[PDB]
Each structure stands twice: as C-alpha cells, then as structure tokens.
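Asks: Next up is a structure, given as structure tokens.
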Amino acid sequence: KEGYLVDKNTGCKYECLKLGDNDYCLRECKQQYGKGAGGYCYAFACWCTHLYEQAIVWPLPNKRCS
Numbered sequence: 017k018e019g020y021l022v023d024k025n026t027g028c029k030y031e032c033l034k035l036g037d038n039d040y041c042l043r044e045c046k047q048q049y050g051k052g053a054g055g056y057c058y059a060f061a062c063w064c065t066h067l068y069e070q071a072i073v074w075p076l077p078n079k080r081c082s
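Numbering (UniProt numbering), first residue to last: 17 to 82.
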C-alpha cells in the first residue's frame, strides 16, 4: 500500500528535500509512520515503500488540500 505519505491534517503533498537523497525520506517516514519504514526522495516528494494497510497515501479522500 505504497506511495507518497500525506499530511494528515490538510492533505497537502508531503515535500521532501533535495531529490535523490533517500535519507530524509527514510528518516521522516521512520519517525512518524513507524520505526520500520523506508522510502526515497523523488522530485521534492517522499515516496515511502515499506508500509501497511493502515498507511494512507496522498491525498486524503475526504479532505484533500482544497
């Protein structure tokens, strides 16, 4: 159930730092979406790829960033 992790509030896209560097993506998903996660940095977006059914990926359905 993989994809870009999501801002659980406004459901704006979750922006990662310099693309390529799969360090911040990893870290971030580690310390919010669980100490067993993984991912990498696309074009200013953290695609995380180690996730469970109870990972949602951007946006939210019922409250995307309007």
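Ideal Cβ positions, reconstructed from N, Cα and C, are used throughout, including at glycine.
Tell me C64's beta-bridge partners as DSSP assigns them.
Replies: For this step, residue 64 is matched to residue 48 along the sequence shown. Looking at the DSSP assignment, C64 forms a beta bridge with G19 and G55.
Asks: Can you tell me where the alpha helix (DSSP H) holding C41 begins and where it ends?
Replies: In the sequence shown, counting from the first residue as 1, residue 41 sits at position 25. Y40 to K46 is the span of the alpha helix (DSSP H), which, as asked, contains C41.
Asks: In three-state DSSP terms, what is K79?
Replies: For this step, residue 79 is matched to residue 63 along the sequence shown. In this structure, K79 counts as coil in the three-state DSSP scheme.
Asks: With burial defined as no fewer than 16 other Cβ atoms inside 10 Å of the residue's Cβ, what is the status of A53: buried or exposed?
Replies: For this step, residue 53 is matched to residue 37 along the sequence shown. Label assigned to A53: buried.
Asks: Indicate whether at least one CB of chain D lies closer than 8 Å to the CB of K79.
Replies: Structure shown: chain D not included; a single protein chain is present.
Asks: Considering only the alpha carbon of each residue, which of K17, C45, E18 and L35 lies closest to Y58?
Replies: One-based indexing of the sequence shown puts residue 58 at position 42. With distances taken between Cα atoms, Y58 lies closest to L35.
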